[PDB]
Amino acid sequence: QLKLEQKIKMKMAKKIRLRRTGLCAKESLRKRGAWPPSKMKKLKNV
Amino acid sequence: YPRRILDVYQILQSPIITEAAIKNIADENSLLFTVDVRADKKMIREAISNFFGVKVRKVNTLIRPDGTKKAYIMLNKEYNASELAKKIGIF
Amino acid sequence: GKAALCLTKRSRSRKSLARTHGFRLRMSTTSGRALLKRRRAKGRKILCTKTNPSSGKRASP
Amino acid sequence: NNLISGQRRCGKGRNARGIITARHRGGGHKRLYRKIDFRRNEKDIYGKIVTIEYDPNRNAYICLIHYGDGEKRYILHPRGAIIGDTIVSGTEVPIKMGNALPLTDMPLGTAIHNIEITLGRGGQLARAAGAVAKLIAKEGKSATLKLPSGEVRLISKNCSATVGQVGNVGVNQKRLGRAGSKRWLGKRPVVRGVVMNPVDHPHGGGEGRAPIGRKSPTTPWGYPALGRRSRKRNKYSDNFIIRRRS
RNA sequence: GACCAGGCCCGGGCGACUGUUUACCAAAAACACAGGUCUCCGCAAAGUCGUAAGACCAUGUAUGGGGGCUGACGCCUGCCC
RNA sequence: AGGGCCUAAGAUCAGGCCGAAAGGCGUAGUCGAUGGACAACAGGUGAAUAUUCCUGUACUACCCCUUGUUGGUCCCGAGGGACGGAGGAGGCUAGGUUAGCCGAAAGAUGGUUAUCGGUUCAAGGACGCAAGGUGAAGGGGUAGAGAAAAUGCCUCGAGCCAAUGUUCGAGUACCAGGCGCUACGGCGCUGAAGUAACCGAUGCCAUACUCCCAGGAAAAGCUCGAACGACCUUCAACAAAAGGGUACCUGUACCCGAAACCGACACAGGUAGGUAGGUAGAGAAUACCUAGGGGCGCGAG
RNA sequence: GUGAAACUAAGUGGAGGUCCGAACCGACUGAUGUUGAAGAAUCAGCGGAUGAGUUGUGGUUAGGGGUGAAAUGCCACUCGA
């Protein structure tokens, strides 16, 4: 009885905010260098 | 209202003639030119396409440190740059 | 020591140096405008050092 | 919350010229600004207290009011009050702690606060922690008030005043306890006079340890501190003041 | 077992204490300090900066704000106008 | 990465005030990142560039067309962006080690294979959350100047929030080792195994949790929304759908714990941030090493 | 253990201008250096090292001035102007 009116909205909202948090996890990992995973697999030095 | 800065009909100074350019003609299917320092990508693609009647997948440009803009002009898989450039005296 | 000493200069952005001594600064002030009068009068090739372009090659973004 | 706004003036010991006129400022902690309605000019609209909270910009606490029609304001917390208590501003209204009313209709001798000096402005007198005024008399156009300083002053009778003493009476029972506590409170060190050189301060110089040698105790700028009045002379308000302080 | 990795105790002066200071001869017993006391100021506040406008004080209002001296804490602080 | 977006400190300031001149104050605004807001990764190539060129697989913003609704758009009123320090526990991963699996193996000396190598894969799409945390997250109408916030009503397979993880991306590669080059450089063919266990971060969950007081930026993008006031309006504005089609300016070299910046020097000096391997150790100290880089521009006695 | 407070044993907890000690910031002692490797360094040790802490970027204050936890110290190897 219209019991998925949450799960219509909640699903797409979750998929939005997971994208957003993914992209923000990228943005902050660019600023302090240490991004493009070629570099990260290359380096492990001390 | 088109051009950032109006410049000319002219724009394109000359094609670069060297060993890198000849190889890039074969590999990338792309021409190489020296243009106006105040030349835009949009401006170059409108010029060269409208001049030779050929398509332009993309243009990519830089300013060599003296201050003269050189542009790589890439062409579609259809149009053949080797034979095109042959009839403008590069081969 | 670990603090270096009596190097009056450092490596500082040309932005800040152009906002302290650049053309657009000198040109605003009436007192400072008469400095350019003296500089053209003496006939110095470079009027005010420490000017930058907003454009490339010497851009300080 | 649209009442808690980060709109500081910044620096805040420095004038227009950019010189430190008000001395011994800086360091501090970053703080925000709570607007507080000292006017309390939302008239005949019945209000309800909800929370008592810390204002970093004061001695006394702030009180968050929700009005019946549905809008919110910050005010000064009165002494006895608690969460979920009730208030109202207007002309009639009872003399229950934390209500607002013009000085004419008020009882003789009541502990009050937030008093205007000029009608229209807002509320200037008795704003600190424990601030308390006691209406002594009334005379024609005027009401005769005794202030927290211990001074009796004629002010206009139509002017506003909020009933009750202002809360948080115990903030004299700090010890601070350390240099660092006053440093992060906004204040900064105060260098004595007699210590400095003659070029800097009047007491300055002197070989060995210096006695305050120049007949008087002086400011930095020549004007005898420690006994010497400074209430202009023939100021506009002169007539209205009745007494001194303690 | 190498490199690495507290010497400890008893008695006195000064300053309570962490702190700051003479870049390039002085780091302290010097300054600051919490605490104390006095004196000014009722808001168009005293004070400060400005020829002025006006700015700080304060978007603060006497449990607050300016200035003098003393310098935790304990017991004190006499005579002379 | 910056600019074509946004604002702080600060700057300049229309009208306005004040001043012999020069100018000073100051609102509306406008600039001003060190901050907010925004869309890409791997492999490949090459004398000198590569998240920029190549190959694959992605994503953001616009113009088509299928459904539509009648207005849009700005101003404007709200939500939100949105913020402290300290501490601690849990779940994870990056990274490490060991085993297994696969290939190779004489290293001239008592023994000895106990030896040596490899065991790799990003962004993004689709999909679920546990003795991880909590037990209103997310809605819908209604009164009263009231569309939001606020005083009373109900309803929730009683659940939510996330980093990791399962798949495709990736029957491709990448790949240790073998089989041929001909002179001072890499390059053609081939191509095995490609897993498990334990340790494990200062990395992520977390703008989470507890505690504390000294009480912790703004503005736009974003989402609502009812007004009033203007514009743009029936070859049109806002919503959704696959497939298309389209893609501005500047920086990019090289040094950057330095013989290239700053110290007059190819000067025993100073210089913001990022990545952090093994053995021993509490440890980013130390000692010896790996990857990587060097033997300090006078030598001989 | 009390009329209840008070008080006291064990757990939990993670305060502190707390302790020891790298980076970081300093500059106490010596040795070296003195036409230096350096117009304040090298070396060996030293203090703080979660705070009144350090520091990048971008700004503010101007010489009858500024700034100064105050030495007349600092304000571009210049400071009783």
# chains A, B, ... in the order shown; residues from 1 in each chain; ligands from 1
$ residues_around --residues "residue 5 in chain C" --least-positions-apart "4" --cutoff "10 Å" --atoms "only C-alpha atoms (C1' of nucleotides)" --output "PDB file with N, CA and C atoms (P, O5', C5', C4', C3', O3' and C1' of nucleotides), in the first residue's frame"
ATOM      1  N   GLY C   1      71.495  29.807  11.730  1.00  0.00           N
ATOM      2  CA  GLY C   1      71.450  28.416  12.272  1.00  0.00           C
ATOM      3  C   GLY C   1      70.463  27.559  11.497  1.00  0.00           C
TER       4      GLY C   1
ATOM      5  P     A E  23      71.266  40.448  20.076  1.00  0.00           P
ATOM      6  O5'   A E  23      70.752  39.658  18.792  1.00  0.00           O
ATOM      7  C5'   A E  23      69.423  39.096  18.723  1.00  0.00           C
ATOM      8  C4'   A E  23      69.349  38.041  17.639  1.00  0.00           C
ATOM      9  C3'   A E  23      70.630  37.828  16.825  1.00  0.00           C
ATOM     10  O3'   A E  23      70.790  36.452  16.454  1.00  0.00           O
ATOM     11  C1'   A E  23      68.909  38.509  15.378  1.00  0.00           C
ATOM     12  P     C E  24      72.150  35.612  16.800  1.00  0.00           P
ATOM     13  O5'   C E  24      73.160  36.711  17.355  1.00  0.00           O
ATOM     14  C5'   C E  24      74.578  36.484  17.417  1.00  0.00           C
ATOM     15  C4'   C E  24      75.306  37.807  17.389  1.00  0.00           C
ATOM     16  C3'   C E  24      74.469  39.041  17.722  1.00  0.00           C
ATOM     17  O3'   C E  24      75.225  39.994  18.466  1.00  0.00           O
ATOM     18  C1'   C E  24      75.398  39.297  15.585  1.00  0.00           C
TER      19        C E  24
ATOM     20  P     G F 263      69.659  36.541  -2.555  1.00  0.00           P
ATOM     21  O5'   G F 263      70.528  35.935  -1.365  1.00  0.00           O
ATOM     22  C5'   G F 263      71.961  35.812  -1.453  1.00  0.00           C
ATOM     23  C4'   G F 263      72.495  35.284  -0.147  1.00  0.00           C
ATOM     24  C3'   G F 263      73.999  35.106  -0.058  1.00  0.00           C
ATOM     25  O3'   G F 263      74.659  36.342   0.200  1.00  0.00           O
ATOM     26  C1'   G F 263      72.947  33.161   0.751  1.00  0.00           C
ATOM     27  P     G F 269      75.621  22.463   4.247  1.00  0.00           P
ATOM     28  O5'   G F 269      74.800  23.700   4.830  1.00  0.00           O
ATOM     29  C5'   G F 269      74.765  24.003   6.241  1.00  0.00           C
ATOM     30  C4'   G F 269      74.349  25.443   6.462  1.00  0.00           C
ATOM     31  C3'   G F 269      72.881  25.763   6.221  1.00  0.00           C
ATOM     32  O3'   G F 269      72.048  25.412   7.324  1.00  0.00           O
ATOM     33  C1'   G F 269      74.190  27.367   5.114  1.00  0.00           C
ATOM     34  P     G F 270      70.719  24.531   7.104  1.00  0.00           P
ATOM     35  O5'   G F 270      69.661  25.606   6.588  1.00  0.00           O
ATOM     36  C5'   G F 270      69.175  26.635   7.473  1.00  0.00           C
ATOM     37  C4'   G F 270      68.309  27.629   6.736  1.00  0.00           C
ATOM     38  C3'   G F 270      67.054  27.078   6.080  1.00  0.00           C
ATOM     39  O3'   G F 270      66.001  27.053   7.035  1.00  0.00           O
ATOM     40  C1'   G F 270      68.216  28.470   4.557  1.00  0.00           C
TER      41        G F 270
ATOM     42  P     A G  40      76.709  35.699   8.394  1.00  0.00           P
ATOM     43  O5'   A G  40      76.655  34.555   9.497  1.00  0.00           O
ATOM     44  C5'   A G  40      77.790  34.308  10.341  1.00  0.00           C
ATOM     45  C4'   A G  40      77.436  33.348  11.444  1.00  0.00           C
ATOM     46  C3'   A G  40      75.958  33.275  11.841  1.00  0.00           C
ATOM     47  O3'   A G  40      75.591  31.886  11.686  1.00  0.00           O
ATOM     48  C1'   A G  40      77.285  33.931  13.706  1.00  0.00           C
ATOM     49  P     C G  77      69.599  45.724   5.146  1.00  0.00           P
ATOM     50  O5'   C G  77      70.595  44.553   5.567  1.00  0.00           O
ATOM     51  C5'   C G  77      70.238  43.623   6.610  1.00  0.00           C
ATOM     52  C4'   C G  77      71.412  43.346   7.519  1.00  0.00           C
ATOM     53  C3'   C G  77      72.220  44.552   7.997  1.00  0.00           C
ATOM     54  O3'   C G  77      72.240  44.608   9.426  1.00  0.00           O
ATOM     55  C1'   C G  77      73.654  42.876   7.080  1.00  0.00           C
TER      56        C G  77
END
$ closest_atom_pairs --of "chain F" --to "chain D" --cutoff "10 Å" --atoms "only C-alpha atoms (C1' of nucleotides)" --output "JSON lines"
{"residue": "F:9", "atom": "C1'", "partner": "D:10", "partner_atom": "CA", "distance": 8.0}
{"residue": "F:24", "atom": "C1'", "partner": "D:17", "partner_atom": "CA", "distance": 9.8}
{"residue": "F:25", "atom": "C1'", "partner": "D:16", "partner_atom": "CA", "distance": 8.3}
{"residue": "F:84", "atom": "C1'", "partner": "D:30", "partner_atom": "CA", "distance": 9.0}
{"residue": "F:144", "atom": "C1'", "partner": "D:69", "partner_atom": "CA", "distance": 7.5}
{"residue": "F:146", "atom": "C1'", "partner": "D:69", "partner_atom": "CA", "distance": 9.2}
{"residue": "F:149", "atom": "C1'", "partner": "D:70", "partner_atom": "CA", "distance": 6.9}
{"residue": "F:150", "atom": "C1'", "partner": "D:70", "partner_atom": "CA", "distance": 4.2}
{"residue": "F:151", "atom": "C1'", "partner": "D:68", "partner_atom": "CA", "distance": 7.6}
{"residue": "F:214", "atom": "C1'", "partner": "D:184", "partner_atom": "CA", "distance": 5.5}
{"residue": "F:215", "atom": "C1'", "partner": "D:56", "partner_atom": "CA", "distance": 6.1}
{"residue": "F:216", "atom": "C1'", "partner": "D:30", "partner_atom": "CA", "distance": 6.6}
{"residue": "F:217", "atom": "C1'", "partner": "D:6", "partner_atom": "CA", "distance": 6.1}
{"residue": "F:218", "atom": "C1'", "partner": "D:6", "partner_atom": "CA", "distance": 7.2}
$ closest_atom_pairs --of "chain B" --to "chain C" --cutoff "9 Å" --atoms "only C-alpha atoms" --output "Markdown table"
| residue | atom | partner | partner_atom | distance |
| --- | --- | --- | --- | --- |
| B:63 | CA | C:57 | CA | 8.7 |
| B:65 | CA | C:57 | CA | 7.2 |
| B:67 | CA | C:57 | CA | 8.6 |
$ write_last_selection --atoms "N, CA and C atoms" --output "mmCIF file, in the first residue's frame"
data_model
loop_
_atom_site.group_PDB
_atom_site.id
_atom_site.type_symbol
_atom_site.label_atom_id
_atom_site.label_comp_id
_atom_site.auth_asym_id
_atom_site.auth_seq_id
_atom_site.Cartn_x
_atom_site.Cartn_y
_atom_site.Cartn_z
ATOM 1 N N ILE B 63 52.130 27.437 -26.590
ATOM 2 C CA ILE B 63 52.900 28.646 -26.887
ATOM 3 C C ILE B 63 54.353 28.379 -26.544
ATOM 4 N N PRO B 65 58.200 29.058 -25.953
ATOM 5 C CA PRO B 65 58.528 30.106 -24.986
ATOM 6 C C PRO B 65 58.876 31.497 -25.530
ATOM 7 N N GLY B 67 56.986 33.089 -27.600
ATOM 8 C CA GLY B 67 55.690 33.725 -27.801
ATOM 9 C C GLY B 67 55.251 33.626 -29.249
#
$ residues_around --residues "range 73-75 of chain E" --least-positions-apart "5" --cutoff "12 Å" --atoms "only C-alpha atoms (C1' of nucleotides)" --output "ChimeraX atom specification"
/E:16-17,34-35
$ residues_around --residues "residue 2 in chain F" --least-positions-apart "4" --cutoff "12 Å" --atoms "only C-alpha atoms (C1' of nucleotides)" --output "list in words"
residues 54, 55, 56, 59, 60 and 61 of chain C; 33, 249, 250 and 251 of chain F
$ write_last_selection --atoms "N, CA and C atoms (P, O5', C5', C4', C3', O3' and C1' of nucleotides)" --output "PDB file, in the first residue's frame"
ATOM      1  N   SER C  54      48.914  38.996 -15.902  1.00  0.00           N
ATOM      2  CA  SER C  54      47.846  38.055 -15.552  1.00  0.00           C
ATOM      3  C   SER C  54      47.833  36.835 -16.498  1.00  0.00           C
ATOM      4  N   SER C  55      48.318  37.041 -17.727  1.00  0.00           N
ATOM      5  CA  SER C  55      48.508  35.986 -18.731  1.00  0.00           C
ATOM      6  C   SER C  55      49.748  35.130 -18.477  1.00  0.00           C
ATOM      7  N   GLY C  56      49.935  34.132 -19.337  1.00  0.00           N
ATOM      8  CA  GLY C  56      50.997  33.149 -19.204  1.00  0.00           C
ATOM      9  C   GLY C  56      52.435  33.575 -19.399  1.00  0.00           C
ATOM     10  N   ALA C  59      53.018  34.055 -15.462  1.00  0.00           N
ATOM     11  CA  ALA C  59      51.794  34.124 -14.643  1.00  0.00           C
ATOM     12  C   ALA C  59      52.063  33.555 -13.257  1.00  0.00           C
ATOM     13  N   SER C  60      51.538  34.228 -12.233  1.00  0.00           N
ATOM     14  CA  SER C  60      51.583  33.748 -10.850  1.00  0.00           C
ATOM     15  C   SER C  60      50.150  33.462 -10.371  1.00  0.00           C
ATOM     16  N   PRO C  61      49.604  32.268 -10.700  1.00  0.00           N
ATOM     17  CA  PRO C  61      48.207  31.977 -10.358  1.00  0.00           C
ATOM     18  C   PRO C  61      48.005  31.682  -8.867  1.00  0.00           C
TER      19      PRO C  61
ATOM     20  P     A F  33      43.089  36.067  -5.862  1.00  0.00           P
ATOM     21  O5'   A F  33      43.091  34.925  -4.748  1.00  0.00           O
ATOM     22  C5'   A F  33      42.913  33.536  -5.096  1.00  0.00           C
ATOM     23  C4'   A F  33      43.643  32.645  -4.113  1.00  0.00           C
ATOM     24  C3'   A F  33      43.379  31.141  -4.279  1.00  0.00           C
ATOM     25  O3'   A F  33      44.423  30.139  -4.409  1.00  0.00           O
ATOM     26  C1'   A F  33      42.568  31.916  -2.156  1.00  0.00           C
ATOM     27  P     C F 249      41.247  28.061 -26.404  1.00  0.00           P
ATOM     28  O5'   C F 249      41.848  29.170 -25.436  1.00  0.00           O
ATOM     29  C5'   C F 249      41.564  30.563 -25.663  1.00  0.00           C
ATOM     30  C4'   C F 249      42.082  31.405 -24.522  1.00  0.00           C
ATOM     31  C3'   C F 249      43.365  30.919 -23.869  1.00  0.00           C
ATOM     32  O3'   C F 249      44.433  31.471 -24.618  1.00  0.00           O
ATOM     33  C1'   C F 249      41.749  31.342 -22.202  1.00  0.00           C
ATOM     34  P     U F 250      45.703  30.591 -24.933  1.00  0.00           P
ATOM     35  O5'   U F 250      46.456  30.579 -23.532  1.00  0.00           O
ATOM     36  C5'   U F 250      46.964  31.811 -22.991  1.00  0.00           C
ATOM     37  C4'   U F 250      47.287  31.665 -21.525  1.00  0.00           C
ATOM     38  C3'   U F 250      48.244  30.546 -21.163  1.00  0.00           C
ATOM     39  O3'   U F 250      49.583  30.934 -21.425  1.00  0.00           O
ATOM     40  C1'   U F 250      46.427  30.545 -19.662  1.00  0.00           C
ATOM     41  P     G F 251      50.681  29.829 -21.752  1.00  0.00           P
ATOM     42  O5'   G F 251      50.794  29.016 -20.385  1.00  0.00           O
ATOM     43  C5'   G F 251      51.573  29.528 -19.288  1.00  0.00           C
ATOM     44  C4'   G F 251      51.578  28.583 -18.110  1.00  0.00           C
ATOM     45  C3'   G F 251      52.229  27.224 -18.326  1.00  0.00           C
ATOM     46  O3'   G F 251      53.649  27.337 -18.205  1.00  0.00           O
ATOM     47  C1'   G F 251      50.177  26.966 -17.169  1.00  0.00           C
TER      48        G F 251
END
$ interface_residues --of "chain D" --to "chain G" --cutoff "12 Å" --atoms "only C-alpha atoms (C1' of nucleotides)" --output "tab-separated table (two decimals) with N, CA, C and O atoms, in the first residue's frame"
chain	number	residue	atom	x	y	z
D	10	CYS	N	36.94	41.94	13.26
D	10	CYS	CA	38.30	41.39	13.03
D	10	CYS	C	39.43	42.34	13.39
D	10	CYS	O	39.41	43.52	13.02
D	11	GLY	N	40.43	41.82	14.10
D	11	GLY	CA	41.57	42.61	14.59
D	11	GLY	C	41.17	43.17	15.93
D	11	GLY	O	41.70	42.77	16.97
D	13	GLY	N	41.49	45.60	17.93
D	13	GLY	CA	42.14	46.61	18.76
D	13	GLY	C	42.59	47.80	17.94
D	13	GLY	O	43.23	48.71	18.48
D	14	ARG	N	42.23	47.81	16.65
D	14	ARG	CA	42.82	48.72	15.66
D	14	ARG	C	41.76	49.65	15.06
D	14	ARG	O	40.64	49.22	14.78
D	15	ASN	N	42.13	50.91	14.85
D	15	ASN	CA	41.20	51.93	14.36
D	15	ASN	C	41.11	51.90	12.82
D	15	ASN	O	41.46	50.90	12.19
D	16	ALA	N	40.62	52.99	12.23
D	16	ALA	CA	40.59	53.15	10.78
D	16	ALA	C	42.00	53.30	10.20
D	16	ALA	O	42.35	52.61	9.23
D	17	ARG	N	42.79	54.19	10.81
D	17	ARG	CA	44.22	54.37	10.46
D	17	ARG	C	45.02	53.06	10.51
D	17	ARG	O	45.95	52.87	9.72
D	18	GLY	N	44.65	52.15	11.42
D	18	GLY	CA	45.29	50.84	11.53
D	18	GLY	C	46.27	50.74	12.68
D	18	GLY	O	47.12	49.85	12.68
D	19	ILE	N	46.14	51.64	13.65
D	19	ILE	CA	46.99	51.63	14.84
D	19	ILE	C	46.24	51.11	16.06
D	19	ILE	O	45.03	51.29	16.19
D	20	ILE	N	47.00	50.48	16.94
D	20	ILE	CA	46.47	49.89	18.15
D	20	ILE	C	46.09	50.97	19.18
D	20	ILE	O	46.90	51.33	20.04
D	21	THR	N	44.87	51.51	19.07
D	21	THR	CA	44.39	52.56	20.00
D	21	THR	C	43.91	51.98	21.31
D	21	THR	O	44.30	52.43	22.38
D	24	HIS	N	46.27	46.01	24.34
D	24	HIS	CA	46.24	44.68	24.98
D	24	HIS	C	45.10	43.82	24.47
D	24	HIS	O	44.30	43.29	25.25
D	27	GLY	N	45.26	37.71	20.00
D	27	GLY	CA	45.34	36.29	20.37
D	27	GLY	C	43.98	35.63	20.31
D	27	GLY	O	43.50	35.27	19.23
D	28	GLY	N	43.35	35.51	21.48
D	28	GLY	CA	41.95	35.13	21.60
D	28	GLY	C	41.60	33.75	21.08
D	28	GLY	O	42.47	32.92	20.82
D	177	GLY	N	43.59	31.19	37.06
D	177	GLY	CA	44.55	30.24	37.61
D	177	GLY	C	45.88	30.18	36.89
D	177	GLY	O	46.80	29.51	37.37
D	178	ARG	N	46.00	30.88	35.77
D	178	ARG	CA	47.17	30.74	34.90
D	178	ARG	C	47.18	31.80	33.81
D	178	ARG	O	46.13	32.31	33.42
D	179	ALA	N	48.37	32.13	33.33
D	179	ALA	CA	48.55	33.15	32.30
D	179	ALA	C	47.73	32.80	31.07
D	179	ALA	O	47.00	33.63	30.54
D	180	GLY	N	47.84	31.54	30.66
D	180	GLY	CA	47.17	31.03	29.47
D	180	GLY	C	45.66	31.16	29.42
D	180	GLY	O	45.09	31.24	28.33
D	181	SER	N	45.01	31.18	30.59
D	181	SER	CA	43.56	31.31	30.65
D	181	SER	C	43.11	32.71	30.20
D	181	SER	O	42.17	32.83	29.42
D	182	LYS	N	43.78	33.76	30.68
D	182	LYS	CA	43.46	35.11	30.23
D	182	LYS	C	43.92	35.37	28.80
D	182	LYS	O	43.34	36.19	28.10
D	183	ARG	N	44.96	34.66	28.35
D	183	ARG	CA	45.46	34.79	26.98
D	183	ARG	C	44.47	34.34	25.92
D	183	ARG	O	44.29	35.04	24.93
D	184	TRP	N	43.85	33.18	26.13
D	184	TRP	CA	42.82	32.68	25.20
D	184	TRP	C	41.40	33.27	25.45
D	184	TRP	O	40.47	32.98	24.70
D	185	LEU	N	41.25	34.10	26.49
D	185	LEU	CA	40.04	34.92	26.70
D	185	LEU	C	39.99	36.20	25.86
D	185	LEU	O	39.01	36.94	25.94
D	186	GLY	N	41.03	36.46	25.08
D	186	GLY	CA	41.10	37.64	24.22
D	186	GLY	C	42.14	38.66	24.67
D	186	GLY	O	42.70	39.38	23.84
D	187	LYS	N	42.39	38.72	25.98
D	187	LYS	CA	43.31	39.71	26.54
D	187	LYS	C	44.77	39.33	26.33
D	187	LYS	O	45.07	38.21	25.90
D	188	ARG	N	45.66	40.28	26.61
D	188	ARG	CA	47.10	40.14	26.37
D	188	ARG	C	47.89	40.83	27.51
D	188	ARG	O	47.30	41.56	28.29
D	189	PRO	N	49.22	40.59	27.62
D	189	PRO	CA	49.96	41.11	28.77
D	189	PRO	C	50.05	42.62	28.86
D	189	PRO	O	50.01	43.29	27.83
D	190	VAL	N	50.20	43.12	30.08
D	190	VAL	CA	50.22	44.55	30.36
D	190	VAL	C	51.58	44.87	30.98
D	190	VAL	O	51.86	44.51	32.13
D	191	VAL	N	52.41	45.57	30.22
D	191	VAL	CA	53.73	45.93	30.68
D	191	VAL	C	53.57	47.14	31.60
D	191	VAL	O	52.89	48.10	31.23
D	192	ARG	N	54.19	47.09	32.78
D	192	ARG	CA	54.13	48.20	33.76
D	192	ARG	C	54.79	49.47	33.22
D	192	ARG	O	55.41	49.46	32.17
D	193	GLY	N	54.65	50.57	33.95
D	193	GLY	CA	55.19	51.85	33.51
D	193	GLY	C	56.65	51.97	33.88
D	193	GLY	O	57.53	52.00	33.02
D	194	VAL	N	56.89	52.01	35.19
D	194	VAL	CA	58.23	52.20	35.78
D	194	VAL	C	59.35	51.34	35.19
D	194	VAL	O	60.53	51.68	35.31
D	195	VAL	N	58.98	50.21	34.60
D	195	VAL	CA	59.92	49.34	33.89
D	195	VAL	C	60.53	49.90	32.58
D	195	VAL	O	61.69	49.62	32.28
D	196	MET	N	59.77	50.70	31.83
D	196	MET	CA	60.13	51.06	30.44
D	196	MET	C	61.25	52.11	30.40
D	196	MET	O	61.82	52.45	31.43
D	197	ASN	N	61.58	52.64	29.22
D	197	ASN	CA	62.55	53.74	29.11
D	197	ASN	C	61.84	55.10	29.14
D	197	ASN	O	60.63	55.16	28.91
D	198	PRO	N	62.58	56.20	29.40
D	198	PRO	CA	61.96	57.52	29.47
D	198	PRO	C	61.26	57.94	28.20
D	198	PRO	O	60.25	58.63	28.26
D	199	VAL	N	61.81	57.54	27.05
D	199	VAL	CA	61.18	57.82	25.77
D	199	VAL	C	59.76	57.24	25.59
D	199	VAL	O	58.98	57.77	24.79
D	200	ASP	N	59.42	56.17	26.32
D	200	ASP	CA	58.17	55.41	26.10
D	200	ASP	C	57.02	55.82	27.00
D	200	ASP	O	55.90	55.98	26.53
D	201	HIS	N	57.31	55.98	28.28
D	201	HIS	CA	56.31	56.19	29.33
D	201	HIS	C	56.86	57.19	30.36
D	201	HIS	O	58.06	57.18	30.64
D	204	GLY	N	59.12	55.90	33.15
D	204	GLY	CA	60.29	55.23	32.61
D	204	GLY	C	61.67	55.66	33.05
D	204	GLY	O	61.86	56.68	33.72
D	205	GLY	N	62.64	54.85	32.64
D	205	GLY	CA	64.02	55.06	33.01
D	205	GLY	C	64.25	54.80	34.48
D	205	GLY	O	63.56	53.98	35.09
$ residues_around --residues "range 216-228 of chain D" --least-positions-apart "2" --cutoff "8 Å" --atoms "only C-alpha atoms (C1' of nucleotides)" --output "PyMOL selection string"
(chain D and resi 193+200-203+212-214+230) or (chain E and resi 38-40+67-68)
